[PDB]
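First comes the structure, then the notes that go with it.
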2 protein chains.
Amino acid sequence: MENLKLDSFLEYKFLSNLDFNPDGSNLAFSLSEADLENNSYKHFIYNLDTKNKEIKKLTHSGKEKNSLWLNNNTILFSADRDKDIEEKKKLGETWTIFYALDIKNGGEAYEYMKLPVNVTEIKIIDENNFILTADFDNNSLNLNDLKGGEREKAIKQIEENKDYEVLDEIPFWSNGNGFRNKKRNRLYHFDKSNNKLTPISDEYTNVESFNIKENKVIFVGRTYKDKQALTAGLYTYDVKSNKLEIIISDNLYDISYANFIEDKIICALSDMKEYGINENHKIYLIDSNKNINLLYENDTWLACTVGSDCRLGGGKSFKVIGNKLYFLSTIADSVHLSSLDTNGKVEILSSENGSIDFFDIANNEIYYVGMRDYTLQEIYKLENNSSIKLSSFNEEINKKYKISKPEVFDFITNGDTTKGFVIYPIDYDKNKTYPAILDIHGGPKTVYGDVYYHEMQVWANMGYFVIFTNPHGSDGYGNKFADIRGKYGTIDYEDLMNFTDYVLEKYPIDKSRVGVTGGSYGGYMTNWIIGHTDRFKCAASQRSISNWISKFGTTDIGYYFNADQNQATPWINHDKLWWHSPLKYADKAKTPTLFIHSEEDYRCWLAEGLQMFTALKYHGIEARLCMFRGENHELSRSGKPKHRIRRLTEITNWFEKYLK
Amino acid sequence: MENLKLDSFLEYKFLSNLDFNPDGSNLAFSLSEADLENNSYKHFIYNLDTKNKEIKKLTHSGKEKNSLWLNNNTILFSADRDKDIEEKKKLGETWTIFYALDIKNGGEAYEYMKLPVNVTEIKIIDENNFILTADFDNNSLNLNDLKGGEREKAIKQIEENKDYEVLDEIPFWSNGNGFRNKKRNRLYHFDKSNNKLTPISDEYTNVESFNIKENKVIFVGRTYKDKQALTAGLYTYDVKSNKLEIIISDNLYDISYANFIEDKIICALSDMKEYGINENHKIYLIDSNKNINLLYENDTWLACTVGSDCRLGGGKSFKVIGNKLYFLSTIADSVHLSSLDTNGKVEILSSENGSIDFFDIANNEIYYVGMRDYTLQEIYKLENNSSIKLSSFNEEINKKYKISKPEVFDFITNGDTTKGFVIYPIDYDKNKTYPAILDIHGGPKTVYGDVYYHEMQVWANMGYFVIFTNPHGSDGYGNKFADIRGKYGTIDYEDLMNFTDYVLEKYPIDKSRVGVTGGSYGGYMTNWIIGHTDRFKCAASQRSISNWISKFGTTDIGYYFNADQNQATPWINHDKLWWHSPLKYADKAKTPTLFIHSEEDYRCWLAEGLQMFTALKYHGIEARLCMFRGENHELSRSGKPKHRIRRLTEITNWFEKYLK
């Protein structure tokens, strides 16, 4: 037992890519960890025996995540073990290699496939046919298909073109993926037998999700060439029949799962007429274009929205085995596992406290990885609403370091009851007084839970209270509780301030040393708070919003999201959109504020951070901005190790300067 | 079929490193194959199950050869999958990294050991104890132990020292290993438990062989500071008492094999009094009181000496199991596998026609690799003096290409009966007349046999007869037949000329279009042949000897192997040593001669080929020489693929110019 440190997340293990082979005898998953000297992450591939419950590491180089199961005996993963291709990729050629590793015979991995595109997600029809979404470029110089002098002329042209980015679509970049003007996520079928790659979705369609039955494919599709609209289309494609059928025309609904079920289709849709873009998705059944057939009115977002800075890579959030659809949802501060079969019968399969990040099922045996008992990620078997632990990767962190677990309680504010959390300082004493930090979960509609959060534990190990709550607009309590469109800064700001008052009386907190910090929406809330109260001695805005009208025209989602959340627009009721802009009050802000931001953060553009920083220094308030190159909006969760240290160290040194 | 071509050997597979696990269930071996793109060789690790009889490919990157079984489940091998250690070795650091490759439990190779020396061979006491022979430099800067300024001073000194070579001992280089002045093959003990690397042999000792039974080591020792002696010492060492015990003083005999058998030691040994350096070793037993007692009067070189250019790598030629010592002996054109128990009973186990390259024994099940039926290397199991073919690595070679198998016959010359071989041209017509090539096998005490030889089939596929024999001096018929000391160029030259006379009359060959080629000793005879007869219209002299005096002072074995073989010395009977030199008769040579030679060939220095070539050119005879860089004596058997293709091209183009 020793104190937890700022760089202790280097020792954390992150699990990902939970996957069964068809028989349910072996589980595959990836173990990601930090490589500090190389400023990257190692990727181990692991296997667990579902019958014997024995873990074993498979790969060892540290650059492998499992994509598929080749069959019930061999995993095939993408890697870079061919130098002559790695040099061809530097010249601009698109390629992806896959390697198969058998666990019964043994030995090592061998090369299996070569595909002349950059694969973004792979699904397997057989052993010699694959369904594929991959990187396609409307302006690509197909460098694999040139050989003579045009080869030489194209290599040069590719190099010169790096110096420019051309924009003619309204969503020209996408956070975590750079510029994407006229670049799409194209769907492909590949026949290794004949080495043939066939396009499915045409030149202007982003496959946002896709599922596959036998030789039939169900895929989400958003098509545009000037302006991506708010609606997504559903098409199908049988490989052999090579037919494309416009099922739902492209102007009505937005879809999320859209997988085949039995002989029809189960799909989560929504016409955004009632509660807007982020309206919870009800689930319908479609067949012969019978999209009206509703089987369940769902009032939750179908994902694990319990934020944390101890995750690296996702996994399976849904599954449709047989007749029942197994899907996740967030209800309070917790992730629920639920079913929804052909007769409409919903059942709750796991109501436990912690998070269920992603799961897998095979023979009506349910395995998942999650964070329970305020511990880091481990693999669990789920039987009759209680999880039995199986992996033990991070168990020593909680037995080597002093962790302060959150006190959870009900909190009533603005006519509803949500959750309120308080983390006591390390080596606590109700006789002495302590500083505090109010954390604001940065998703507009996400959730803080009883789940290990490293940045909160770091400040807990240095003598701070760390408090946080789920205000109006958060996930969990339906469209009603999460609807604050046009109310940004009113009831949501009231909820957090009401929660801050309640804590400041119950808990022995020095009211003169209280910090506030949050990312994304919380960064907006941090910018909003300092402009409306003087109750925080210091603040730490990160990946934040500041000027709604300029975020409108510079953000990957700004031109449609900002209107759905403020009911205003730079040209339609400008005063309202300007009213919910925190920079409007920056001439009242007296609280010293540190600004965290990234250069490639396109969910909240860099301009939003610079404005609030310039707005403070212009009025003489102490401020500081740390711009992070080569990182984006997910720096807190998935950024490079050293850059994650710098972000933590900057925020921490800001608190330590003013609050100690 | 189709015509075999010059480069068809690129498709050949070469087997090496046949080794059992302790329980006899699995035996490991390595496959090597040419890599023309990178001008190197790919090495894979394989496994066969002794009861399943199934071959399994274990590695696929092409840089791994199996060296040792950690246990019945796991094969260990050395590689360079650590980019940090690799760059340290470039600077001058010495390192060897060993990995582990589970068959029983599967996965990929994982790092098991790091050893701060450059290892030449490894053997196993137990899982955390290994016996070691490795490179040792008495002038090493010890870059592993250096830091700070002394480190950068050493990095520069090591870099500058690449421009020099210092010599102060009479063997200053070894063929296939570069300069070796003041550097030795040293024996070490490594305890993985505490990372302790303990020397066994002293700083000036070359360890030529070593064996272990349980916790006791037996090794062969040659020790010198200025002059390597012809005799080797026998030494033992225990890894618990750390006691070194001189078993045989280093000035009596030259031993070739020594190992533990039951409670005492078996040893091949000879004082070279009757037949000189190359005398066949008799096998003795060494009791507890260090008395040497004859066990079996062997009259064979205890090795497979059948020549071939389709081998890459080797394995065990000696084995001790229970009370029997299993060994190899080349008897005529073939290799025998025999046993020898502590009672002196010699059972013969395998007297088949082909060669036995190496073998391993476990539970009185005998497995070996060999070349039978004039096919390339395959794995065979030995059962009652007959072999069952398990592997099929090269089975299509003889079915894909037109192979002309030699016509074996008995040939009498000079009071003894040997073997004679004539390979017909492809698509042979008894109504036409063909050219022929006489191939003289390199090395005096070696053997030509009914074994697939690539360079001969290449010419038979181009309309050539290819003839060869085993003259007096070859291995197979005891010390008496091999003794040509002081007779170089007499009875052996007669034997070859008698064989050529017999063949060009019995077989339909144009006497006016006959060539001759040979390497090493065969290259000596080619230089001798052209200086004594006009019957060959062209010749090819490879890695040859032309001047015994010049060869005395520039050869890794020259200062003692020349005196033994010619009974002369540049200062004792110089007229004899000069009489046996082909350069003396170069002013009577009229035969156009191509000269193949390698720059790093230290068994036959570059001076030898340079002299005969200049002599023929001085007397106005057409000549040509191709010098090969980065290659040595072993160019024809193990050189880089492009350099083998170049040698085969130069030799094939010379005959075409003068024989067609």
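Residue numbering restarts at 1 in every chain; chains get A, B, ... in the order shown in the structure tokens, and ligands count up from 1 in that same order.
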
Next item on the list: With a distance cut-off of 10 Å and only C-alpha atoms, select the neighbouring residues of residue 406 (chain B), excluding the residue or stretch itself and same-chain residues fewer than 3 positions from it, and output the selection as a PyMOL selection string.
Entry: chain B and resi 374+403+409+420-424+449-452+456-457+466-468

If you keep N, CA, C and O atoms, can you produce a file of those selected residues as an mmCIF file, in the first residue's frame?
```
data_model
loop_
_atom_site.group_PDB
_atom_site.id
_atom_site.type_symbol
_atom_site.label_atom_id
_atom_site.label_comp_id
_atom_site.auth_asym_id
_atom_site.auth_seq_id
_atom_site.Cartn_x
_atom_site.Cartn_y
_atom_site.Cartn_z
ATOM 1 N N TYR B 374 19.078 -40.771 -55.450
ATOM 2 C CA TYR B 374 19.481 -39.555 -56.158
ATOM 3 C C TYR B 374 18.384 -38.494 -56.094
ATOM 4 O O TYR B 374 17.970 -37.921 -57.105
ATOM 5 N N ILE B 403 16.092 -35.295 -64.421
ATOM 6 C CA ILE B 403 17.315 -35.637 -63.708
ATOM 7 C C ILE B 403 17.943 -36.851 -64.377
ATOM 8 O O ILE B 403 17.252 -37.831 -64.681
ATOM 9 N N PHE B 409 29.649 -47.825 -61.576
ATOM 10 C CA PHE B 409 30.366 -49.031 -61.956
ATOM 11 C C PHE B 409 31.689 -49.081 -61.206
ATOM 12 O O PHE B 409 32.182 -48.066 -60.707
ATOM 13 N N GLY B 420 33.254 -45.598 -60.216
ATOM 14 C CA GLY B 420 33.262 -44.694 -61.355
ATOM 15 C C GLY B 420 31.849 -44.313 -61.737
ATOM 16 O O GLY B 420 30.943 -45.145 -61.716
ATOM 17 N N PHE B 421 31.670 -43.043 -62.089
ATOM 18 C CA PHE B 421 30.345 -42.488 -62.326
ATOM 19 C C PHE B 421 30.312 -41.777 -63.670
ATOM 20 O O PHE B 421 31.194 -40.966 -63.969
ATOM 21 N N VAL B 422 29.288 -42.072 -64.467
ATOM 22 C CA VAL B 422 29.070 -41.432 -65.758
ATOM 23 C C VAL B 422 27.606 -41.027 -65.837
ATOM 24 O O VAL B 422 26.717 -41.880 -65.721
ATOM 25 N N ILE B 423 27.356 -39.736 -66.029
ATOM 26 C CA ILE B 423 26.004 -39.197 -66.122
ATOM 27 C C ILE B 423 25.709 -38.901 -67.585
ATOM 28 O O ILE B 423 26.390 -38.078 -68.211
ATOM 29 N N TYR B 424 24.697 -39.572 -68.132
ATOM 30 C CA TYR B 424 24.340 -39.399 -69.528
ATOM 31 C C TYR B 424 23.762 -38.008 -69.771
ATOM 32 O O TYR B 424 23.227 -37.376 -68.857
ATOM 33 N N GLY B 449 29.651 -39.647 -54.807
ATOM 34 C CA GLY B 449 28.710 -40.735 -54.638
ATOM 35 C C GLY B 449 27.455 -40.558 -55.464
ATOM 36 O O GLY B 449 27.287 -39.572 -56.184
ATOM 37 N N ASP B 450 26.565 -41.548 -55.350
ATOM 38 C CA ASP B 450 25.255 -41.517 -56.001
ATOM 39 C C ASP B 450 24.326 -40.600 -55.204
ATOM 40 O O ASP B 450 23.360 -41.024 -54.566
ATOM 41 N N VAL B 451 24.644 -39.310 -55.251
ATOM 42 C CA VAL B 451 23.958 -38.295 -54.461
ATOM 43 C C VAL B 451 23.694 -37.091 -55.354
ATOM 44 O O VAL B 451 24.588 -36.653 -56.086
ATOM 45 N N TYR B 452 22.466 -36.568 -55.301
ATOM 46 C CA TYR B 452 22.061 -35.429 -56.120
ATOM 47 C C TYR B 452 23.070 -34.292 -56.012
ATOM 48 O O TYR B 452 23.307 -33.755 -54.926
ATOM 49 N N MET B 456 26.222 -30.830 -61.677
ATOM 50 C CA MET B 456 26.348 -31.873 -62.689
ATOM 51 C C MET B 456 25.063 -32.032 -63.492
ATOM 52 O O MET B 456 25.108 -32.205 -64.714
ATOM 53 N N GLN B 457 23.909 -31.980 -62.820
ATOM 54 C CA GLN B 457 22.636 -32.078 -63.527
ATOM 55 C C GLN B 457 22.405 -30.876 -64.432
ATOM 56 O O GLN B 457 21.744 -31.001 -65.470
ATOM 57 N N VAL B 466 28.784 -36.013 -67.919
ATOM 58 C CA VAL B 466 29.432 -35.590 -66.681
ATOM 59 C C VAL B 466 29.976 -36.838 -66.005
ATOM 60 O O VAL B 466 29.201 -37.691 -65.554
ATOM 61 N N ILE B 467 31.299 -36.949 -65.933
ATOM 62 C CA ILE B 467 31.965 -38.129 -65.402
ATOM 63 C C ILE B 467 32.791 -37.733 -64.187
ATOM 64 O O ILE B 467 33.262 -36.597 -64.073
ATOM 65 N N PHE B 468 32.956 -38.684 -63.270
ATOM 66 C CA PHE B 468 33.716 -38.447 -62.049
ATOM 67 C C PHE B 468 34.009 -39.781 -61.378
ATOM 68 O O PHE B 468 33.335 -40.785 -61.632
#
```

Can I get the residues of chain B within 9 Å of chain A, each with the closest pair of atoms and their distance in Å to one decimal, using only C-alpha atoms, sorted chain first then ascending number, as CSV?
```
residue,atom,partner,partner_atom,distance
B:45,CA,A:107,CA,8.5
B:46,CA,A:107,CA,8.5
B:56,CA,A:105,CA,7.6
B:57,CA,A:107,CA,7.0
B:58,CA,A:107,CA,3.8
B:59,CA,A:108,CA,5.3
B:60,CA,A:110,CA,5.6
B:61,CA,A:110,CA,7.8
B:81,CA,A:61,CA,8.0
B:101,CA,A:107,CA,6.0
B:102,CA,A:106,CA,6.3
B:103,CA,A:106,CA,4.4
B:104,CA,A:106,CA,6.9
B:105,CA,A:106,CA,7.1
B:106,CA,A:106,CA,4.1
B:107,CA,A:58,CA,4.1
B:108,CA,A:108,CA,4.6
B:109,CA,A:108,CA,6.7
B:110,CA,A:60,CA,5.9
B:111,CA,A:60,CA,8.4
```

With C-alpha atoms retained, write the just-selected residues as a short mmCIF file (atom, residue, chain, number, x, y, z; two decimals), in the first residue's frame.
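Heads up, here's the output in result31.cif:
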```cif
data_model
loop_
_atom_site.label_atom_id
_atom_site.label_comp_id
_atom_site.auth_asym_id
_atom_site.auth_seq_id
_atom_site.Cartn_x
_atom_site.Cartn_y
_atom_site.Cartn_z
CA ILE B 45 11.59 -24.13 -37.73
CA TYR B 46 9.57 -27.32 -38.16
CA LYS B 56 4.32 -28.90 -38.89
CA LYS B 57 5.71 -25.51 -39.95
CA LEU B 58 6.45 -23.54 -36.78
CA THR B 59 8.05 -20.26 -37.93
CA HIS B 60 7.37 -18.01 -40.91
CA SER B 61 9.51 -14.84 -40.77
CA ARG B 81 13.62 -9.16 -32.37
CA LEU B 101 7.79 -21.12 -29.07
CA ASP B 102 5.09 -23.18 -27.33
CA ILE B 103 3.80 -26.14 -29.33
CA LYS B 104 1.81 -27.83 -26.58
CA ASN B 105 0.21 -24.62 -25.29
CA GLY B 106 0.67 -22.50 -28.42
CA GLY B 107 1.09 -18.81 -29.10
CA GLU B 108 4.10 -17.00 -30.59
CA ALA B 109 7.78 -16.75 -29.70
CA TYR B 110 8.56 -14.84 -26.50
CA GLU B 111 11.88 -13.62 -25.14
#
```

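Residues lying within 8 Å of region 559-573 of chain A, counting only C-alpha atoms and ignoring same-chain neighbours fewer than 2 positions away, are residues 230, 276, 277, 484, 485, 486, 487, 488, 548, 549, 551, 552, 553, 555, 556, 557, 575, 576, 577 and 580 of chain A.
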
Those selected residues, please, written with N, CA, C and O atoms and delivered as a PDB file, in the first residue's frame.
```pdb
ATOM      1  N   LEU A 230     -28.966  15.101 -41.928  1.00  0.00           N
ATOM      2  CA  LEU A 230     -29.196  14.542 -40.603  1.00  0.00           C
ATOM      3  C   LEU A 230     -29.725  13.115 -40.625  1.00  0.00           C
ATOM      4  O   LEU A 230     -29.896  12.528 -39.553  1.00  0.00           O
ATOM      5  N   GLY A 276     -35.153  15.605 -31.077  1.00  0.00           N
ATOM      6  CA  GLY A 276     -33.992  16.139 -31.765  1.00  0.00           C
ATOM      7  C   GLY A 276     -33.006  15.081 -32.219  1.00  0.00           C
ATOM      8  O   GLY A 276     -33.282  13.877 -32.240  1.00  0.00           O
ATOM      9  N   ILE A 277     -31.817  15.569 -32.587  1.00  0.00           N
ATOM     10  CA  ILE A 277     -30.771  14.711 -33.142  1.00  0.00           C
ATOM     11  C   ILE A 277     -30.440  13.576 -32.185  1.00  0.00           C
ATOM     12  O   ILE A 277     -30.269  12.421 -32.598  1.00  0.00           O
ATOM     13  N   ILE A 484     -32.043  19.457 -22.795  1.00  0.00           N
ATOM     14  CA  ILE A 484     -31.751  20.817 -22.358  1.00  0.00           C
ATOM     15  C   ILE A 484     -31.488  21.680 -23.585  1.00  0.00           C
ATOM     16  O   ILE A 484     -30.731  22.656 -23.524  1.00  0.00           O
ATOM     17  N   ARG A 485     -32.112  21.321 -24.707  1.00  0.00           N
ATOM     18  CA  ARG A 485     -31.971  22.095 -25.935  1.00  0.00           C
ATOM     19  C   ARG A 485     -32.510  23.502 -25.730  1.00  0.00           C
ATOM     20  O   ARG A 485     -33.683  23.684 -25.386  1.00  0.00           O
ATOM     21  N   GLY A 486     -31.655  24.498 -25.944  1.00  0.00           N
ATOM     22  CA  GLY A 486     -32.006  25.870 -25.655  1.00  0.00           C
ATOM     23  C   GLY A 486     -31.975  26.233 -24.189  1.00  0.00           C
ATOM     24  O   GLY A 486     -32.342  27.363 -23.840  1.00  0.00           O
ATOM     25  N   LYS A 487     -31.557  25.312 -23.317  1.00  0.00           N
ATOM     26  CA  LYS A 487     -31.451  25.565 -21.886  1.00  0.00           C
ATOM     27  C   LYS A 487     -30.010  25.459 -21.398  1.00  0.00           C
ATOM     28  O   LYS A 487     -29.776  25.319 -20.192  1.00  0.00           O
ATOM     29  N   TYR A 488     -29.043  25.519 -22.311  1.00  0.00           N
ATOM     30  CA  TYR A 488     -27.637  25.396 -21.944  1.00  0.00           C
ATOM     31  C   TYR A 488     -27.223  26.541 -21.031  1.00  0.00           C
ATOM     32  O   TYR A 488     -27.301  27.712 -21.413  1.00  0.00           O
ATOM     33  N   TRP A 548     -20.349  29.853 -29.747  1.00  0.00           N
ATOM     34  CA  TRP A 548     -21.217  28.926 -30.468  1.00  0.00           C
ATOM     35  C   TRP A 548     -21.295  29.248 -31.955  1.00  0.00           C
ATOM     36  O   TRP A 548     -21.459  28.338 -32.777  1.00  0.00           O
ATOM     37  N   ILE A 549     -21.186  30.526 -32.327  1.00  0.00           N
ATOM     38  CA  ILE A 549     -21.342  30.880 -33.735  1.00  0.00           C
ATOM     39  C   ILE A 549     -20.091  30.536 -34.536  1.00  0.00           C
ATOM     40  O   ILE A 549     -20.182  30.237 -35.732  1.00  0.00           O
ATOM     41  N   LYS A 551     -17.869  28.004 -33.475  1.00  0.00           N
ATOM     42  CA  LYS A 551     -17.892  26.546 -33.480  1.00  0.00           C
ATOM     43  C   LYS A 551     -18.840  26.017 -34.549  1.00  0.00           C
ATOM     44  O   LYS A 551     -18.640  24.913 -35.068  1.00  0.00           O
ATOM     45  N   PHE A 552     -19.867  26.797 -34.894  1.00  0.00           N
ATOM     46  CA  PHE A 552     -20.817  26.387 -35.922  1.00  0.00           C
ATOM     47  C   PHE A 552     -20.111  26.086 -37.239  1.00  0.00           C
ATOM     48  O   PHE A 552     -20.341  25.040 -37.855  1.00  0.00           O
ATOM     49  N   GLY A 553     -19.241  26.989 -37.680  1.00  0.00           N
ATOM     50  CA  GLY A 553     -18.599  26.887 -38.972  1.00  0.00           C
ATOM     51  C   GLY A 553     -17.217  26.271 -38.993  1.00  0.00           C
ATOM     52  O   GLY A 553     -16.565  26.299 -40.043  1.00  0.00           O
ATOM     53  N   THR A 555     -16.479  23.183 -36.760  1.00  0.00           N
ATOM     54  CA  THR A 555     -16.509  21.904 -36.065  1.00  0.00           C
ATOM     55  C   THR A 555     -17.144  20.836 -36.950  1.00  0.00           C
ATOM     56  O   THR A 555     -18.051  21.118 -37.738  1.00  0.00           O
ATOM     57  N   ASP A 556     -16.645  19.600 -36.818  1.00  0.00           N
ATOM     58  CA  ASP A 556     -17.095  18.508 -37.679  1.00  0.00           C
ATOM     59  C   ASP A 556     -18.592  18.250 -37.554  1.00  0.00           C
ATOM     60  O   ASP A 556     -19.217  17.765 -38.505  1.00  0.00           O
ATOM     61  N   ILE A 557     -19.185  18.559 -36.401  1.00  0.00           N
ATOM     62  CA  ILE A 557     -20.621  18.408 -36.188  1.00  0.00           C
ATOM     63  C   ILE A 557     -21.320  19.739 -35.979  1.00  0.00           C
ATOM     64  O   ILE A 557     -22.550  19.761 -35.825  1.00  0.00           O
ATOM     65  N   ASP A 575     -29.104  36.271 -31.104  1.00  0.00           N
ATOM     66  CA  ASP A 575     -28.946  36.651 -29.704  1.00  0.00           C
ATOM     67  C   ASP A 575     -29.024  35.446 -28.774  1.00  0.00           C
ATOM     68  O   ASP A 575     -28.338  35.413 -27.747  1.00  0.00           O
ATOM     69  N   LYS A 576     -29.844  34.450 -29.117  1.00  0.00           N
ATOM     70  CA  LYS A 576     -29.957  33.265 -28.270  1.00  0.00           C
ATOM     71  C   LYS A 576     -28.693  32.418 -28.338  1.00  0.00           C
ATOM     72  O   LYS A 576     -28.146  32.019 -27.303  1.00  0.00           O
ATOM     73  N   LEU A 577     -28.221  32.124 -29.551  1.00  0.00           N
ATOM     74  CA  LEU A 577     -26.975  31.377 -29.696  1.00  0.00           C
ATOM     75  C   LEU A 577     -25.816  32.118 -29.040  1.00  0.00           C
ATOM     76  O   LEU A 577     -24.957  31.503 -28.399  1.00  0.00           O
ATOM     77  N   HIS A 580     -26.053  31.668 -25.056  1.00  0.00           N
ATOM     78  CA  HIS A 580     -25.483  30.454 -24.491  1.00  0.00           C
ATOM     79  C   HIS A 580     -23.984  30.334 -24.741  1.00  0.00           C
ATOM     80  O   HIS A 580     -23.403  29.286 -24.444  1.00  0.00           O
TER      81      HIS A 580
END
```

Margin query: I want to know what sits within 10 Å of region 195-206 of chain A, based on only C-alpha atoms, with residues of the same chain fewer than 2 positions away left out; could you give that as a ChimeraX atom specification?
Written below: /A:113-117,128-138,182-193,208-209,217,219-226,228,232-233,235-239,242-244

Checklist line | Spatial neighbours of residue 417 (chain A), max dist 10 Å, only C-alpha atoms, sep filter under 3 positions, as a PyMOL selection string | finding: chain A and resi 410-414+420+470-472+477+481

Checklist line | Residue neighbourhood region 308-315 of chain A, 7 Å, only C-alpha atoms, exclusion window fewer than 2 positions, as a VMD selection string | finding: chain A and resid 14 16 to 18 32 306 317 358 452 to 454 636 to 638

Only N, CA and C atoms, please: the residues just picked out, written as a PDB file, in the first residue's frame.
```pdb
ATOM      1  N   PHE A  14      -5.261  -2.336 -20.281  1.00  0.00           N
ATOM      2  CA  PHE A  14      -6.527  -2.035 -20.935  1.00  0.00           C
ATOM      3  C   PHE A  14      -6.917  -3.210 -21.823  1.00  0.00           C
ATOM      4  N   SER A  16      -9.485  -5.159 -24.607  1.00  0.00           N
ATOM      5  CA  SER A  16     -10.237  -4.764 -25.790  1.00  0.00           C
ATOM      6  C   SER A  16     -10.440  -5.971 -26.693  1.00  0.00           C
ATOM      7  N   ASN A  17     -11.418  -5.844 -27.592  1.00  0.00           N
ATOM      8  CA  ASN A  17     -11.674  -6.810 -28.662  1.00  0.00           C
ATOM      9  C   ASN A  17     -12.003  -8.198 -28.110  1.00  0.00           C
ATOM     10  N   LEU A  18     -13.020  -8.231 -27.257  1.00  0.00           N
ATOM     11  CA  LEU A  18     -13.546  -9.491 -26.753  1.00  0.00           C
ATOM     12  C   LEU A  18     -14.285 -10.213 -27.873  1.00  0.00           C
ATOM     13  N   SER A  32      -3.863  -3.918 -24.039  1.00  0.00           N
ATOM     14  CA  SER A  32      -3.112  -2.719 -24.377  1.00  0.00           C
ATOM     15  C   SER A  32      -2.483  -2.115 -23.128  1.00  0.00           C
ATOM     16  N   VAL A 306     -20.678   5.657 -19.445  1.00  0.00           N
ATOM     17  CA  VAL A 306     -20.095   5.910 -18.132  1.00  0.00           C
ATOM     18  C   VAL A 306     -18.618   6.220 -18.351  1.00  0.00           C
ATOM     19  N   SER A 317     -20.718  -3.849 -28.380  1.00  0.00           N
ATOM     20  CA  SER A 317     -21.762  -3.254 -27.557  1.00  0.00           C
ATOM     21  C   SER A 317     -23.132  -3.868 -27.812  1.00  0.00           C
ATOM     22  N   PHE A 358     -17.974  -3.791 -22.930  1.00  0.00           N
ATOM     23  CA  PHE A 358     -18.366  -4.566 -24.102  1.00  0.00           C
ATOM     24  C   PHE A 358     -18.349  -6.044 -23.727  1.00  0.00           C
ATOM     25  N   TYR A 452     -13.810   3.417 -11.748  1.00  0.00           N
ATOM     26  CA  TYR A 452     -12.443   3.906 -11.600  1.00  0.00           C
ATOM     27  C   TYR A 452     -12.125   4.999 -12.612  1.00  0.00           C
ATOM     28  N   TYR A 453     -11.784   6.183 -12.104  1.00  0.00           N
ATOM     29  CA  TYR A 453     -11.380   7.321 -12.926  1.00  0.00           C
ATOM     30  C   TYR A 453     -10.032   7.807 -12.409  1.00  0.00           C
ATOM     31  N   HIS A 454      -8.990   7.656 -13.233  1.00  0.00           N
ATOM     32  CA  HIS A 454      -7.621   7.838 -12.755  1.00  0.00           C
ATOM     33  C   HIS A 454      -7.346   9.279 -12.342  1.00  0.00           C
ATOM     34  N   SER A 636      -7.587  12.799 -23.368  1.00  0.00           N
ATOM     35  CA  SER A 636      -7.687  12.366 -21.978  1.00  0.00           C
ATOM     36  C   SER A 636      -7.796  10.851 -21.860  1.00  0.00           C
ATOM     37  N   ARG A 637      -8.336  10.187 -22.879  1.00  0.00           N
ATOM     38  CA  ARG A 637      -8.614   8.756 -22.814  1.00  0.00           C
ATOM     39  C   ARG A 637      -7.688   7.905 -23.670  1.00  0.00           C
ATOM     40  N   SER A 638      -7.309   8.370 -24.863  1.00  0.00           N
ATOM     41  CA  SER A 638      -6.549   7.544 -25.790  1.00  0.00           C
ATOM     42  C   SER A 638      -5.273   8.194 -26.310  1.00  0.00           C
TER      43      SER A 638
END
```

Item checked: All strand (DSSP E or B) residues (DSSP, backbone) inside region 340-412 of chain A, as a ChimeraX atom specification -> /A:340,346-350,355-361,366-371,378-383,386-389,401,407-412

Item checked: Spatial neighbours of residue 4 (chain B), 7 Å, only C-alpha atoms, chain gap at least 2 places, as number ranges by chain -> B: 2, 8, 401-402, 458, 461

Check: What are the DSSP helix (DSSP H, G or I) residues of region 323-570 of chain A, as number ranges by chain?
Finding: A: 395-400, 454-460, 478-482, 491-506, 520-530, 548-552, 558-566

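Between CA of residue 289 (chain B) and CA of residue 252 (chain B) the interatomic distance comes to 17.3 Å.
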